[PDB]
Amino acid sequence: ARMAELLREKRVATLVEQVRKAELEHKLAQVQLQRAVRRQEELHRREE
RNA sequence: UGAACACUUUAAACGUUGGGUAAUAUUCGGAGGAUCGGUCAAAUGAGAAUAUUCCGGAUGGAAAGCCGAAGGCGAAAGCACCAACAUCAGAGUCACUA
Numbered sequence: 098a099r100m101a102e103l104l105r106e107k108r109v110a111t112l113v114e115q116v117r118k119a120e121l122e123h124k125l126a127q128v129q130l131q132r133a134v135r136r137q138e139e140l141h142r143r144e145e
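Under PDB author numbering, the first residue of the first sequence is numbered 98, with each subsequent residue one higher.
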């Protein structure tokens, strides 16, 4: 039971956290970079 | 997926308020003196007091005649005078939400 838990559960869960967090860092690099410069240029040109 | 924002685009979507109309029968005076109505066809009547009509006037509300279409909007029934109030809705782009 301890072999199953510490040698499966925490590392398979760890795979799930780091995979969705690499995905979240992908989505967050998107929403910072392309979104932020696009919308500040749009708001800049719309107020001009 | 579902929903709110910023743009692009949509009309017979929805209720209220003001105004209009080809057209409608009734009526006030005038033209005109026996036809009109109507149907496969025939039959009460309008009419010898003036009928269809025609002139021009009033009335008052129906319905929106063409547009307009195997076109649109709608959840469906449905929705076809504008103008404005007005509350939406639906589609596309670009972003939020996880």
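We put the beta carbon where it would ideally sit given N, CA and C, even for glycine.
- The three-state secondary structure of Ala-119, taken from DSSP, is helix.
- A straight-line Cα-Cα distance of about 12 Å links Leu-121 and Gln-129.
- Spanning the alpha carbons of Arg-142 and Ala-133 requires a straight line of approximately 14 Å.
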